[PDB]
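The chain below stands alone, shown as structure tokens; this is the form deposited in one PDB entry.
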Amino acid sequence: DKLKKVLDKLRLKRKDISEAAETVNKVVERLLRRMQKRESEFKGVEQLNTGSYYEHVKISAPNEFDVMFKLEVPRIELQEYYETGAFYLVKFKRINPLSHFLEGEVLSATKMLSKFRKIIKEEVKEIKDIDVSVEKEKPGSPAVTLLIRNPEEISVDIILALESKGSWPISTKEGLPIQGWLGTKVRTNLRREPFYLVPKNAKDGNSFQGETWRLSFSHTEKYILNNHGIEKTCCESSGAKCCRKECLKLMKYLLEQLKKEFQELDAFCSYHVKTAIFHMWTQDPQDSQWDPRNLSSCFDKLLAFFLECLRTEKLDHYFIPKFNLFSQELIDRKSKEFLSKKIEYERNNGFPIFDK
């Protein structure tokens, strides 16, 4: 009941969706068409909408959109980067429009992202229809972010991605454990879909920095978000409603509110809560464990689970099991205890941050 009214606050307004989507789709279409023109290195690039807005778990406002510009790259050798599971060097063996980005048969991520970015930058200069600029490059981001002033502020992440149609890399063999939940036939089909490589683009200063790519499964996550039940009819018009997406929204919101206030929580992002809930959905596969009447206990067990990930410093990648998003090397124990305290406090005092 309290949680029901929070979800009401979080609910997107169709009027805002129309105005935001109209602008966003103009700018994305124009950008996609420029990449196809002339001798462009990214001719053939294809669009793929991903992220919360296209999963229907975008909360508060339609003000951040994620778009993959995926490029199919045949004949690819992968070199795993120091057994991390998630990061790869990409190599060709043909000796090609990616020519300028090669580097001794190693594909440079930062060279390829720079050229990509320069093209976007130039195309944006030509838009005098809407108030759109390109954000200053943020480190770690595989994106070229647009800031649209639609009056209202709207971020768009154009994510550059390599597309391989081969079988997924062995580090993902034990990942995507949906057998007891969405089943083996779904798992086999999902894994026949391509996999993607986005540039890691770190600033750290470490070996291979500009040639390290990171795996991406936003397309699979989008499918799972929109086909999330053990029963084929979950949330359909002739089926029963579950509260799975609603729990994701409330936990996304707890993390946004907290991250808005405290800069201690910079290391944390929404993908942390998105990953934790895929694990919850696997742990509790049955649609009856996500009954809308038990929204409270469902939201509570998700916090209990998230709190155990923080304290034990373990949140495995859903697709790459050996990859721990809460490792010491990525997030300080300080940062984890701090967030643990803040969650425990919201939990046990009636979620006062839900009222700001």
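Note that residue numbering follows the sequence shown and begins at 1. Note that the rigid core is defined as the largest set of C-alphas that superpose within 1.5 Å between two forms.
Just so it is clear, the following notes concern the form deposited in another entry, a form of the same protein that is not shown.
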#### Entry: Identity of the moved residue from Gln179, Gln79, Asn206, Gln283, C-alpha shift 2 angstroms or more, core fit between the shown form and the other one
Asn206
### Summary
The CA atoms of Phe208 and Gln79 move 3 Å or more in that other deposited form, ending up farther
### Query
Closer or farther: how do the CA atoms of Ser207 and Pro74 lie in that other deposited form, compared with the form shown, if the change is at least 3 Å?
farther
